[PDB]
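Asks: For reference, the file input.cif (mmCIF, C-alpha atoms) is included below:
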```cif
data_model
loop_
_atom_site.group_PDB
_atom_site.id
_atom_site.type_symbol
_atom_site.label_atom_id
_atom_site.label_comp_id
_atom_site.auth_asym_id
_atom_site.auth_seq_id
_atom_site.Cartn_x
_atom_site.Cartn_y
_atom_site.Cartn_z
ATOM 1 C CA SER A 6 -22.635 -21.025 5.948
ATOM 2 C CA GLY A 7 -19.065 -21.129 7.237
ATOM 3 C CA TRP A 8 -17.220 -21.264 3.920
ATOM 4 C CA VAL A 9 -13.608 -20.086 3.982
ATOM 5 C CA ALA A 10 -12.989 -17.112 1.719
ATOM 6 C CA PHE A 11 -10.538 -14.226 1.853
ATOM 7 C CA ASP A 12 -12.310 -12.078 -0.703
ATOM 8 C CA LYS A 13 -12.199 -8.918 1.400
ATOM 9 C CA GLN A 14 -8.450 -8.509 1.874
ATOM 10 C CA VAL A 15 -7.146 -5.019 2.564
ATOM 11 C CA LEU A 16 -6.343 -2.554 -0.232
ATOM 12 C CA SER A 17 -3.067 -0.691 0.231
ATOM 13 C CA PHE A 18 -2.171 2.797 -0.957
ATOM 14 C CA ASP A 19 1.233 4.469 -0.792
ATOM 15 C CA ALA A 20 0.995 8.093 0.311
ATOM 16 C CA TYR A 21 3.164 10.933 1.525
ATOM 17 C CA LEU A 22 2.656 13.988 3.680
ATOM 18 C CA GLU A 23 4.788 17.021 4.408
ATOM 19 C CA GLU A 24 5.272 17.968 8.022
ATOM 20 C CA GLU A 25 5.469 21.729 7.603
ATOM 21 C CA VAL A 26 6.644 23.539 10.722
ATOM 22 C CA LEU A 27 6.161 27.305 10.660
ATOM 23 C CA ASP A 28 9.090 29.057 12.358
ATOM 24 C CA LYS A 29 8.171 32.756 12.669
ATOM 25 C CA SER A 30 7.671 33.549 8.984
ATOM 26 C CA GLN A 31 9.798 30.792 7.469
ATOM 27 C CA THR A 32 8.389 27.326 6.872
ATOM 28 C CA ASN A 33 10.649 24.302 7.044
ATOM 29 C CA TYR A 34 9.384 20.847 6.173
ATOM 30 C CA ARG A 35 10.228 17.177 5.855
ATOM 31 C CA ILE A 36 8.493 14.409 3.932
ATOM 32 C CA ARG A 37 6.877 11.464 5.687
ATOM 33 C CA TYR A 38 5.779 8.307 3.895
ATOM 34 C CA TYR A 39 2.793 6.191 4.840
ATOM 35 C CA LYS A 40 0.869 3.123 3.791
ATOM 36 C CA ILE A 41 -2.898 3.581 3.884
ATOM 37 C CA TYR A 42 -4.971 0.429 4.345
ATOM 38 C CA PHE A 43 -8.653 0.265 3.400
ATOM 39 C CA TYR A 44 -10.652 -2.753 4.609
ATOM 40 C CA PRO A 45 -13.573 -3.757 2.287
ATOM 41 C CA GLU A 46 -15.193 -5.902 4.984
ATOM 42 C CA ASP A 47 -16.161 -2.960 7.192
ATOM 43 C CA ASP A 48 -14.962 0.164 5.373
ATOM 44 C CA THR A 49 -12.355 0.884 8.050
ATOM 45 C CA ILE A 50 -9.043 2.636 7.380
ATOM 46 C CA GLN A 51 -5.612 2.349 8.972
ATOM 47 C CA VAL A 52 -2.422 4.347 8.399
ATOM 48 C CA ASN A 53 1.156 3.449 9.250
ATOM 49 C CA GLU A 54 4.579 4.957 8.620
ATOM 50 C CA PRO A 55 6.851 2.077 7.429
ATOM 51 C CA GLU A 56 10.002 3.938 8.477
ATOM 52 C CA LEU A 62 7.591 9.443 21.789
ATOM 53 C CA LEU A 63 7.547 9.869 18.009
ATOM 54 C CA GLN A 64 4.252 11.514 17.026
ATOM 55 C CA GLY A 65 2.238 11.089 13.835
ATOM 56 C CA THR A 66 3.438 7.615 12.871
ATOM 57 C CA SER A 67 0.019 5.990 12.807
ATOM 58 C CA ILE A 68 -3.770 6.128 12.697
ATOM 59 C CA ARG A 69 -5.637 3.149 14.151
ATOM 60 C CA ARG A 70 -8.097 1.061 12.162
ATOM 61 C CA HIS A 71 -11.559 2.649 12.146
ATOM 62 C CA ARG A 72 -14.066 4.398 9.889
ATOM 63 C CA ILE A 73 -12.861 7.899 9.080
ATOM 64 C CA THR A 74 -15.226 10.787 8.429
ATOM 65 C CA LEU A 75 -14.837 12.913 5.324
ATOM 66 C CA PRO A 76 -13.438 16.363 6.090
ATOM 67 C CA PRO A 77 -15.765 19.345 6.609
ATOM 68 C CA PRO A 78 -18.398 20.004 5.467
ATOM 69 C CA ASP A 79 -19.105 16.305 4.899
ATOM 70 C CA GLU A 80 -18.393 14.897 8.369
ATOM 71 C CA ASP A 81 -21.798 13.182 8.397
ATOM 72 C CA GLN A 82 -20.271 10.699 5.932
ATOM 73 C CA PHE A 83 -17.366 8.248 6.019
ATOM 74 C CA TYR A 84 -14.635 7.607 3.469
ATOM 75 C CA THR A 85 -15.409 4.707 1.107
ATOM 76 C CA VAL A 86 -13.185 2.636 -1.180
ATOM 77 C CA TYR A 87 -14.228 4.889 -4.069
ATOM 78 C CA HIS A 88 -12.465 7.901 -2.506
ATOM 79 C CA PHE A 89 -9.024 6.341 -2.996
ATOM 80 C CA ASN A 90 -6.969 6.578 -6.177
ATOM 81 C CA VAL A 91 -3.492 7.467 -7.402
ATOM 82 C CA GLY A 92 -3.141 11.227 -7.694
ATOM 83 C CA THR A 93 -5.919 11.868 -5.190
ATOM 84 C CA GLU A 94 -5.679 13.567 -1.805
ATOM 85 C CA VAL A 95 -7.421 12.374 1.345
ATOM 86 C CA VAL A 96 -7.671 14.197 4.663
ATOM 87 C CA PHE A 97 -7.531 12.400 8.012
ATOM 88 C CA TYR A 98 -7.714 14.411 11.233
ATOM 89 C CA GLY A 99 -7.006 17.630 9.368
ATOM 90 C CA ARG A 100 -3.858 16.312 7.695
ATOM 91 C CA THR A 101 -3.629 15.946 3.919
ATOM 92 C CA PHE A 102 -2.264 12.660 2.580
ATOM 93 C CA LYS A 103 -1.197 12.517 -1.054
ATOM 94 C CA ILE A 104 -1.659 9.074 -2.615
ATOM 95 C CA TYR A 105 0.970 8.312 -5.243
ATOM 96 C CA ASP A 106 0.749 4.557 -5.784
ATOM 97 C CA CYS A 107 -0.795 1.219 -4.819
ATOM 98 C CA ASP A 108 0.232 -2.404 -5.350
ATOM 99 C CA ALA A 109 -0.880 -4.777 -8.108
ATOM 100 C CA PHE A 110 -3.424 -6.542 -5.890
ATOM 101 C CA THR A 111 -5.085 -3.228 -5.101
ATOM 102 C CA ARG A 112 -5.042 -2.040 -8.699
ATOM 103 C CA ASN A 113 -6.667 -5.324 -9.732
ATOM 104 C CA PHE A 114 -9.331 -5.066 -7.026
ATOM 105 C CA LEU A 115 -10.191 -1.526 -8.104
ATOM 106 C CA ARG A 116 -10.461 -2.610 -11.736
ATOM 107 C CA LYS A 117 -12.847 -5.391 -10.713
ATOM 108 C CA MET A 118 -15.194 -2.853 -9.147
ATOM 109 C CA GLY A 119 -15.150 -0.536 -12.160
ATOM 110 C CA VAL A 120 -12.566 1.971 -10.928
ATOM 111 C CA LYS A 121 -10.071 3.412 -13.408
ATOM 112 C CA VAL A 122 -6.762 3.881 -11.583
ATOM 113 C CA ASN A 123 -5.158 7.215 -12.489
ATOM 114 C CA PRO A 124 -1.709 7.531 -14.152
ATOM 115 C CA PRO A 125 1.504 8.205 -12.168
ATOM 116 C CA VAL A 126 1.632 11.556 -10.362
ATOM 117 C CA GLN A 127 5.142 12.042 -11.772
#
```
Any chance you could give the structure as structure tokens?

Replies:
Amino acid sequence: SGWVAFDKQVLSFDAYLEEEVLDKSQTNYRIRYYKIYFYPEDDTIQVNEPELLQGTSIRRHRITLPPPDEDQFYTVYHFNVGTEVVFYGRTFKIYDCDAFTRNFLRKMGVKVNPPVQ
């Protein structure tokens, strides 16, 4: 034991979210872009906005599925292009992922979906 191997490197997904602020009856919004990291080693997730500012990040930890499945955590199999994930009540829309991630998914039998556009 003790062999050096980096076979559990993070998977990265590009996602966006719309900050929709309801003003009386009119809703204004802006688009925020994030990078979602999934760590195979411990199934933890981290989110960061590449761009007192609120909502720019989510620390690395295991994230529960949204109701009614909060007794379970998100796994690597819940992430794909054209799929939505919900962290702390906010909906993230995954639209891409790098080559390394696409290759990793293929190696574990996952078919990566076509572009959302």

Asks: Evaluate the PyMOL selection byres ((chain A and resi 83) around 8) on the structure here and hand back the selected residues as a list in words.

Replies: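 On the file shown, the PyMOL selection byres ((chain A and resi 83) around 8) covers residues 72, 73, 74, 75, 80, 81, 82, 84 and 85 of chain A.
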
Asks: Taking the file as shown, what set of residues would the PyMOL selection byres ((chain A and resi 69) around 9) give back, as a list in words?

Replies: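 Checked against the file, the PyMOL selection byres ((chain A and resi 69) around 9) matches residues 50, 51, 52, 53, 67, 68, 70 and 71 of chain A.
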
Asks: Considering all atoms listed in the file, can you say which of A:12, A:48, A:28, A:19 comes closest to residue 90 in chain A?

Replies: A:19

Asks: Point out the residue among A:38, A:18, A:11, A:44 with the least atom-to-atom distance to residue 93 in chain A, counting all atoms listed in the file.

Replies: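 Closest to residue 93 in chain A of all the choices is A:18.
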
Asks: What is the distance between CA of residue 103 in chain A and CA of residue 40 in chain A, in Å to one decimal?

Replies: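 Straight-line distance from CA of residue 103 in chain A to CA of residue 40 in chain A works out to 10.8 Å.
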
Asks: Please, what distance in Å, to one decimal, runs between CA of residue 10 in chain A and CA of residue 46 in chain A?

Replies: 11.9 Å

Asks: Could you expand the PyMOL selection byres ((chain A and resi 22) around 9) into the explicit residues it covers here, written as a PDB file with C-alpha atoms, in the frame of the given file?

Replies:
```pdb
ATOM      1  CA  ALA A  20       0.995   8.093   0.311  1.00  0.00           C
ATOM      2  CA  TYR A  21       3.164  10.933   1.525  1.00  0.00           C
ATOM      3  CA  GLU A  23       4.788  17.021   4.408  1.00  0.00           C
ATOM      4  CA  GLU A  24       5.272  17.968   8.022  1.00  0.00           C
ATOM      5  CA  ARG A  35      10.228  17.177   5.855  1.00  0.00           C
ATOM      6  CA  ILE A  36       8.493  14.409   3.932  1.00  0.00           C
ATOM      7  CA  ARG A  37       6.877  11.464   5.687  1.00  0.00           C
ATOM      8  CA  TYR A  38       5.779   8.307   3.895  1.00  0.00           C
ATOM      9  CA  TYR A  39       2.793   6.191   4.840  1.00  0.00           C
ATOM     10  CA  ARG A 100      -3.858  16.312   7.695  1.00  0.00           C
ATOM     11  CA  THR A 101      -3.629  15.946   3.919  1.00  0.00           C
ATOM     12  CA  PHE A 102      -2.264  12.660   2.580  1.00  0.00           C
ATOM     13  CA  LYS A 103      -1.197  12.517  -1.054  1.00  0.00           C
TER      14      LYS A 103
END
```

Asks: Hey, can you check how far CA of residue 108 in chain A sits from CA of residue 17 in chain A?

Replies: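 Interatomic distance here is 6.7 Å.
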
Asks: Pick from A:99, A:92, A:45, A:7: nearest to residue 114 in chain A, with all atoms listed in the file counted?

Replies: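 Ranking A:99, A:92, A:45, A:7 by distance to residue 114 in chain A, first place goes to A:45.
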